[PDB]
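Working notes, structure below.
Scope of the values below: all heavy atoms of this structure, side chains included, with no hydrogens, waters or symmetry mates. The sequence lines fix the lettering, A, B, ..., with proteins before strands; numbering per chain opens at 1.
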Amino acid sequence: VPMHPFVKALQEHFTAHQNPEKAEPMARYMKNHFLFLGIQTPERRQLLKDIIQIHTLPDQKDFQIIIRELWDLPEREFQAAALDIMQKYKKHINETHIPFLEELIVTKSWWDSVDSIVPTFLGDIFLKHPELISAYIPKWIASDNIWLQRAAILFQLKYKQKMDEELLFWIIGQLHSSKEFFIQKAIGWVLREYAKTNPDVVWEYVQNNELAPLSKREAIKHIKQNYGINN
DNA sequence: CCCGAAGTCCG
DNA sequence: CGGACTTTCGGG
Ligand SMILES: Cc1cnc(N)c2[nH]cnc12
């Protein structure tokens with residue numbers, strides 16, 4: 001079965017504009033886990049738009065197929081484009097897509113893909129269907145996969161007043177002893193972000209519960225100005 | 001335009 | 001460990 005024509009067209013058009021000189025530092029930035037074509041976001045967005053203009057966005061029946069096929073291509077720009085495409089199908093994504101999103105998280109995994117899946121796509125799903133959180137979060141925390149653990153921490157990133165504080169702090173407590181940078185830093189980020197909404201709760205939490213030094217320092221980067229640094 | 005959100009280098 | 005500094009991206 002041939003590659004979906006939309007994917008083939010995107011592959012041809014991106015490849016015709018590759019920049020091997022830029023690809024080298026771009027690949028190093030992601031610690032050489034991926035090949036890059038060397039196309040930065042502004043041009044990558046225009047090249048995708050070119051293909052949508054010519055071919056039209058595929059029928060929704062092929063949404064998951066297109067994303068998978070792009071996920072399977074070697075160069076990282078194809079996963080970035082896949083996430084751009086998934087946003088275009090946003091109004092068609094719902095709770096039945098959680099496993100599909102899980103599988104994207106755990107394949108071709110790094111912060112650049114995971115952080116564009118979790119707080120937006122999964123965040124929106126669990127905001128509408130909070131009763132489904134306990135069908136996934138416990139498994140994610142218990143798994144060997146650091147990106148699922150990071151997903152458990154960051155899905156509520158943007159919740160603001162809708163943050164489930166007890167849940168957030170329970171998740172952090174489960175993962176606070178992790179030596180993994182991407183876990184320590186995710187804890188730092190979610191606390192720093194939630195502190196923009198409820199600084200007193202975050203301050204009390206970090207002063208009275210164990211965290212990796214990195215996590216605590218990142219959490220209070222801004223709010224330490226409000227409370228002061230005791231001698 | 002601005003600001004706030006991985007990476008290297010150094011003590 | 002953590003400060004100083006870097007580019008790229010998204011949002012205001
Ligand atoms: C995630 C992140 C944080 N801070 C910066 N100064 C960055 N520059 C590029 N990504 C960044």
Rounded to whole Å, the CD1-P distance (A/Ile223 to B/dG4) equals 15 Å

So NE2 of A/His17 and CG of A/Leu37: to nearest 0.5 Å the spacing works out to 11.5 Å

Among B/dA6, C/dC1, B/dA5, the one nearest any side-chain atom of A/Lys221 is B/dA5

Return yes if a side-chain donor-acceptor contact under 3.5 Å exists between A/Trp71 and A/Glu103, otherwise no. no

A/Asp50 side chain to A/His13 side chain, donor-acceptor N/O pair below 3.5 angstrom:
yes

query: If only side-chain N and O atoms of A/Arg28 are considered, is one of them under 4.0 Å from the OP1 or OP2 phosphate oxygen of C/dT7?
result: no

Would you call A/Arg192 and A/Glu218 a salt bridge, taking side-chain N to carboxylate O under 4.0 Å as the test?
yes

DNA chain B in dot-bracket form (Watson-Crick or G-U pairs under 3.5 Å, [ ] crossing, | inter-strand) is |||||||||||

From CG of A/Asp115 across to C1' of C/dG11 the rounded distance in Å is 17 Å

Exercise for the section: For the pair A/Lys139 and A/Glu102, find out whether any cationic side-chain nitrogen is under 4.0 Å from an anionic carboxylate oxygen. Expected result: yes

Ring of C/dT8, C1'-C2'-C3'-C4' positive counted as north and negative as south, is tagged south

| task | Scan A/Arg44 against the nucleic acid and name what it touches under 4.0 Å (heavy atoms): base, sugar-phosphate only, or nothing. | result | nothing

Next on the checklist: Does C/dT8 have OP1 or OP2 under 4.0 Å away from a side-chain N or O of A/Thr41?
Outcome noted: no

Using a 4.5 Å cut-off on heavy atoms from C-beta on, say whether the side chain of A/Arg44 contacts that of A/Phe14. yes

Separation of B/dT8 atom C1' from A/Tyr29 atom OH, nearest Å, is 11 Å

Per the under-4.0 Å heavy-atom filter, residues of residues 191-203 of chain A near DNA chain B come out as A/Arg192, A/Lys196

note: A/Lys158, atom NZ; C/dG12, atom P; distance rounded to Å ~ 10 Å

5'-most contact on DNA chain C (nearest-nucleotide basis), A/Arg217 vs A/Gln40, goes to A/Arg217

Name the nucleic acid region contacted by A/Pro42, choosing base, sugar-phosphate or nothing; use a 4.0 angstrom heavy-atom cut-off, strictly under. sugar-phosphate

Here the distance between atom P of B/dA5 and atom CZ of A/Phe182, to the nearest Å, is 18 Å

Common cluster, A/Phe63/A/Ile65, ILVMFWY with side-chain heavy-atom separation under 4.5 Å: no

note: A/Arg150, atom CZ; B/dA5, atom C1'; distance rounded to Å ~ 11 Å

Ignoring backbone atoms, test whether A/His222 places a side-chain nitrogen or oxygen under 4.0 Å from the OP1 or OP2 oxygen of B/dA5. yes

Here the distance between atom P of B/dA6 and atom CD1 of A/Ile183, to the nearest Å, is 10 Å

Atom CZ of A/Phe36 and atom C1' of B/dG7 are separated, to the nearest Å, by 13 Å

ask   = When you check the gap from the basic side-chain N to the acidic O, do A/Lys108 and A/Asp72 get nearer than 4.0 Å?
value = no

**Message:** Does A/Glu24, at its CD atom, have more than 12 non-hydrogen atoms belonging to other residues, nucleotides or ligands within less than 6.0 Å?
**Reply:** no

*Any A/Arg45 side-chain nitrogen or oxygen under 4.0 Å from OP1 or OP2 of C/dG10*: yes

query = For the residue pair A/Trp147 and A/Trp110, is the inter-centroid distance of their aromatic rings smaller than 6.0 Å?
reply = yes

